[PDB]
Each structure stands twice: as structure tokens, then as C-alpha cells.
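Asks:
Number of protein chains: 2
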Amino acid sequence: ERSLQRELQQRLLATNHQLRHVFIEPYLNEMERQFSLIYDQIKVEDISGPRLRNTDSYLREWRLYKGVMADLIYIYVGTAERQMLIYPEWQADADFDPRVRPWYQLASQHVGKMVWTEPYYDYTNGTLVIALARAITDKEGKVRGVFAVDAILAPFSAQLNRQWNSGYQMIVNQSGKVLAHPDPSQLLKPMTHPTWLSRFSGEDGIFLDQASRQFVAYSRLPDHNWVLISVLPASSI
Amino acid sequence: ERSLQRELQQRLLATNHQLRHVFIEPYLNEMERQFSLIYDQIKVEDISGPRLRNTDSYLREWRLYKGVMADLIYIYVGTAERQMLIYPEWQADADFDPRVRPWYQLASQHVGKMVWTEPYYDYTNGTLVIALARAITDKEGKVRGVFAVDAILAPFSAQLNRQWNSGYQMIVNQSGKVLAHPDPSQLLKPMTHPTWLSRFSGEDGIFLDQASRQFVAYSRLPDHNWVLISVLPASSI
Ligand code: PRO
Ligand code: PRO
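If you read the protein sequences in the order shown, they are chains A and A'. A prime marks a further copy of an entry chain. Basically the deposited numbering = 1-based index in the first sequence + 43. Basically the deposited numbering = 1-based index in the second sequence + 43.
1) For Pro-227 (chain A), go through chain A' and note every residue whose CB falls closer than 9 Å to its CB, in chain order.
2) Just curious, the alpha helix (DSSP H) that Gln-202 (chain A') is in, first and last residue?
3) How many Å lie between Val-172 (chain A) and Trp-133 (chain A) at the Cα?
4) Could you list which residues in chain A' have their beta carbon closer than 9 Å to that of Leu-56 (chain A), in chain order?
5) Using the Cβ count rule (16 or more neighbours within 10 Å means buried), how would you classify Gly-169 (chain A)?
6) In the structure shown, what three-state DSSP assignment does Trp-146 (chain A) receive?
7) If I follow the unbroken alpha helix (DSSP H) through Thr-58 (chain A'), where does it start and stop?
8) Please report how far the alpha carbon of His-60 (chain A) lies from the alpha carbon of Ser-278 (chain A'), in whole angstroms.
9) In whole angstroms, what separates the C-alpha of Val-221 (chain A') from that of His-236 (chain A')?
10) Roughly how many angstroms lie between the CA atoms of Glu-183 (chain A) and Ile-90 (chain A), to the nearest whole one?
11) Is any heavy atom of ligand 1 found at a distance shorter than 8 Å from the C-beta of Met-112 (chain A)?
12) With respect to 8 Å, is the separation between the Cβ of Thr-98 (chain A) and the closest non-hydrogen atom of ligand 1 below this value?
13) Assign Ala-137 (chain A) to buried or exposed, taking buried as 16 or more other Cβ atoms, counted over all protein chains shown, within 10 Å of its Cβ.
14) Taking the beta carbon of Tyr-70 (chain A) as the centre, do at least 16 other beta carbons fall within 10 Å, making it buried, or is it exposed?
15) Starting from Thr-98 (chain A), trace the alpha helix (DSSP H) both ways and give me its first and last residue.
16) Which complete alpha helix (DSSP H) runs does the stretch 110-172 of chain A' hold, if anything under 4 residues is left out?
17) Listed in chain order, which residues are found with a beta carbon closer than 6 Å to a heavy atom of ligand 2?
18) Between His-64 (chain A) and chain A', is the shortest Cβ-Cβ distance under 9 Å, so that the two count as touching?
19) Name the chain A' residues that come within less than 7 Å of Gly-210 (chain A), Cβ to Cβ?
20) Give the single residue among A:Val-111, A:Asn-208, A:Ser-228, A:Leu-240 whose Cα lies nearest to the Cα of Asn-216 (chain A).
21) Just list the beta strand (DSSP E) runs in the stretch 179-261 of chain A', keeping only unbroken ones of 3 residues or longer that don't cross its boundaries, in chain order.
22) For the beta strand (DSSP E) that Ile-272 (chain A) lies in, which residues bound it at each end?
23) Considering only the beta carbon of each residue, do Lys-232 (chain A) and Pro-162 (chain A) sit closer than 9 Å?
24) For the alpha helix (DSSP H) containing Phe-78 (chain A), name the first residue and the last one.
25) Within its chain, find whatever has a CB closer than 7 Å to the CB of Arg-187 (chain A'); leave out the 5 residues flanking it on each side and keep chain order.
26) Would you say the beta carbon of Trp-146 (chain A) is closer than 8 Å to some non-hydrogen atom of ligand 1?
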């Protein structure tokens with residue numbers, strides 16, 4: 044009868060918790076651990092000076108890291124000396140100032156930790172991206188530079204949604220922008236049902252969107268201000 | 044001249060360290076963290092008794108986990124009451140005793156920690172596999188059961204070797220059996236050049252196999268008794 048929608052919501056919610064707990068959180072945690080391992084290989088002295096030293100070394104490293112972190116688009120460091128080192132090849136103007144860019148700014152105002160930006164447009168070719176960034180420092184809080192990676196979580200998104208026919212799984216940020224989704228063309232754009240943000244009450248839950256006839260389970264991520272959404276259209280086997 | 048082989052070995056060694064440090068160790072660490080998250084969801088009471096309770100729940104969980112841990116073949120628990128719960132579907136004899144199997148035995152003699160077996164043959168269909176296992180306990184060291192996963196690291200192996208044309212990357216265990224390799228048919232079998240085990244001096248190094256004209260870099264893994272081998276045939280661009 045209608046108890047079908049009972050077991051169905053509790054299952055959709057259980058799958059959302061399990062996916063969050065054993066896939067999403069371990070995936071992000073490793074990516075951020077790998078980020079910190081790359082970051083710790085960076086010596087301030089190589090980048091607090093007018094010219095960059097030992098760059099051939101970091102670009103050799105970064106090419107290798109990108110080769111196994113499939114969500115990454117660029118790995119780079121901008122410096123307070125307006126230097127910019129980047130793999131792969133990226134060109135910018137001479138009016139380009141790294142220090143004014145959102146990854147540089149967010150990282151500077153949270154020294155000692157990494158931080159994820161809102162989606163923003165690449166300075167040169169305009170592409171939507173998201174950055175994870177951390178400030179490089181030297182002494183009494185002198186920010187000599189900022190290390191960051193541009194990412195588009197399409198590989199992550201595909202693995203999240205691999206086993207999911209019928210439903211789909213998405214992740215949204217604090218403002219409803221799509222961090223992960225089965226369709227690459229929706230990434231980093233606003234979510235399709237913005238009213239859902241006001242239904243994400245508490246750390247998790249389930250509800251039914253009578254407007255789009257979709258069951259919606261949601262779980263909040265602990266260390267990031269994001270929400271995992273499991274969606275099951277009332278079109279169901 | 045011959046200084047080509049100089050920069051070449053130091054580069055092959057540098058790539059081996061970087062791959063070990065930023066890919067292999069974070070990959071294994073997440074897999075073992077995900078293992079422990081699955082393991083901690085297991086309540087002794089469900090499995091220290093003649094019959095298993097709430098099995099529909101664990102098989103619902105395990106199907107989901109397998110769906111995102113691509114190296115896994117089976118997820119299971121055997122009990123000291125000779126019960127066996129397993130996803131996906133696995134049949135055995137009535138002469139099957141989990142307690143005598145290598146994952147059960149290794150896990151029982153290292154309670155409180157996880158452990159990787161040597162490669163061994165599936166009881167029923169004979170297939171070569173490797174297991175990660177941990178004992179489930181209750182009080183003064185009563186081993187009520189053992190939780191374990193069968194794995195074949197082909198997905199891991201493909202990601203390790205994705206970016207590598209020219210050379211290849213492999214991982215061997217304490218006894219030279221192949222844990223990871225570009226060719227799936229070599230997995231879990233003895234390495235092709237067993238003499239290399241005696242050249243893996245110390246925590247890392249490089250040497251040249253004059254017999255197979257291959258440069259060989261090696262790095263030992265910290266928390267596992269294994270070796271990462273980067274091989275570059277003297278056939279080179
Ligand atoms: O647009 C930016 O600010 C960053 C810099 C490197 C690539 N994208
Ligand atoms: O052969 C064994 O012992 C294990 C048990 C489950 C599947 N393979």
C-alpha cells in the first residue's frame with residue numbers, strides 16, 4: 044500500500060548515510076591528505092624571492108601527482124611576489140595578480156589550514172572551476188605564497204553515481220552550487236531545486252518533493268559545509 | 044654519454060618515491076580506513092550466536108560498499124560458530140570451516156589489528172585471491188568471528204600504471220608475489236625476477252639488471268612489508 048514509501052524512504056536514507064560515511068568522507072579525506080603531502084614539499088625559500096628556484100623540480104612532481112589525482116585541472120603556487128608556477132601549462136596576462144584571486148584570498152584569511160573556494164571563473168579562459176588552497180608562510184605570519192589546485196569533481200561524481208540506476212547522488216555547497224552530480228554539465232552551477240536547501244534540517248533527513256515527485260534524502264558532511272543528496276524519482280521498478 | 048643513465052636513474056628513483064608517498068600510501072590508507080569503518084559497524088552479538096541476526100542489514104551495507112571499493116571481490120564474516128555471511132553470493136560445502144582458513148587464522152593471531160594474507164586459493168572455485176582480515180572479539184579475548192574482504196588489486200594496478208608508458212610500476216609482497224602490476228594475469232603470482240628481492244637493500248634504492256637490461260628503482264612501504272618497483276627497460280626514447 045503506502046508502507047512501500049515507508050521502507051523506501053528509510054532505505055534511501057540508509058544508503059545516503061552509508062555512502063557519506065564509507066565513500067564520500069574517505070574520498071575527500073584522502074584527496075585533502077594528498078593535497079597536504081604535496082603542499083608540505085614546498086619550501087618557502089623557493090618562492091618568497093623575486094625569481095622562483097628549483098621550479099623544474101615542482102613541475103616534475105606536479106605532473107606526476109596530477110597523473111593520479113584525476114579530479115585536478117591545475118596544480119600551482121602564486122606568490123606575494125606575483126610569481127606563478129603551474130602544471131600543466133597555463134598562460135596569463137601581465138595584469139594578472141595572483142594575490143587578488145579567490146583562492147589566494149581565502150587561503151590568506153585562514154592561514155594554517157586548507158580551504159575550498161566557491162566556484163569561480165578561470166582568469167584566462169573563463170572556465171568554471173573550484174579551488175582547494177593553503178597559504179605558505181615563513182615567520183610572524185608573512186604569507187610568502189599560496190598553494191592551490193583547481194578541480195572539477197567529474198571523476199569523483201562518476202564513482203559516486205556508478206552503481207546508481209534509478210536514483211542519483213549529488214553534493215551541494217553552502218549556497219546550493221553543485222559540487223558533484225551524475226551529469227558533468229551541471230557541475231559548479233546552481234542546483235536545480237534551490238528550495239531544497241531549507242529542508243536540509245539538521246544533520247540528516249528525508250523528505251518528498253511533491254512538486255517534482257522525488258524522494259530526497261540528505262546528509263550533511265562533518266568537516267565541510269556541504270550536503271550529500273540522494274534523489275529517487277517516484278519512477279521506480 | 045653515460046651521464047644519461049645518471050639523470051635517468053635519479054629520475055626513476057624520484058618518481059618511485061613520489062608515487063609511493065602521494066599515491067600508493069594514501070590509496071592503501073584509505074582502503075584500510077574504509078575497511079575499519081565497515082568492520083566497526085559489526086556487532087558481536089549478531090555473530091557470536093548459533094544463527095546470524097540482522098543479516099539483511101549487513102548484506103544491504105556490503106553490496107553498497109563493494110559498489111565503491113572496486114578492488115573487492117567478496118565482503119564476509121566467518122564465525123567461531125562456523126557461520127558465514129558474504130556478499131556477493133558465495134556457496135561452500137558443509138565441510139567448509141571458516142575458522143581454518145588463512146584469513147581467519149592470521150586475523151585470530153593478531154587480534155585488535157588488520158592483516159593481509161599471502162595469496163591463497165578460494166575454497167570453492169580455486170581462484171587466487173588475497174584477503175584483508177580482522178578478528179571480532181567480545182571480552183577476555185574471545186574471538187567470536189573474523190571480518191575480511193577478498194581482493195584483487197587490478198583497479199589499483201591500472202591507476203598506478205595509467206600515466207606510465209615506457210616503464211611500469213609493480214608492488215611485491217614479503218615473498219615476491221605480485222600484489223600490483225600492469226598485467227592482470229601476473230597478479231598474485233610470483234614475480235618474474237626473483238633475484239631482485241636481494242637487491243632491495245634498505246628503504247629505497249636503484250640498480251640496473253644487466254640480465255634483462257632494465258633499470259629498477261625500489262621503495263619499501265612503511266606500514267606494510269611490501270616493495271614498490273619502478274621498472275624502466277633500456278628501450279627508451
Ligand atoms: O584563475 C585562477 O585564478 C587560477 C590560477 C591558475 C588557474 N586558475
Ligand atoms: O576461500 C575462502 O576462505 C574465502 C571465504 C569467502 C570467499 N573466499
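Ideal placement from N, C-alpha and C gives every residue a C-beta, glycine not left out.
Replies: By the coordinates alone:
1) Those within 9 Å of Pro-227 (chain A) in chain A' number zero; the least Cβ separation is about 19 Å.
2) 197-204
3) 14 Å
4) Residues of chain A' passing the Cβ test: none, with the nearest at roughly 12 Å.
5) exposed
6) helix
7) 46-61
8) 50 Å
9) 11 Å
10) 17 Å
11) no
12) no
13) exposed
14) buried
15) 98-109
16) 145-151
17) A':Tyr-117, A':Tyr-119, A':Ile-129, A':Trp-133, A':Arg-144, A':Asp-165, A':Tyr-166, A':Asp-193
18) yes
19) Those within 7 Å of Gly-210 (chain A) in chain A' number zero; the least Cβ separation is about 12 Å.
20) A:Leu-240
21) 186-194, 211-215, 221-223, 247-252
22) 270-276
23) yes
24) 68-83
25) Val-87, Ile-90, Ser-91, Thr-122, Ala-123, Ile-179, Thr-180, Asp-181
26) yes
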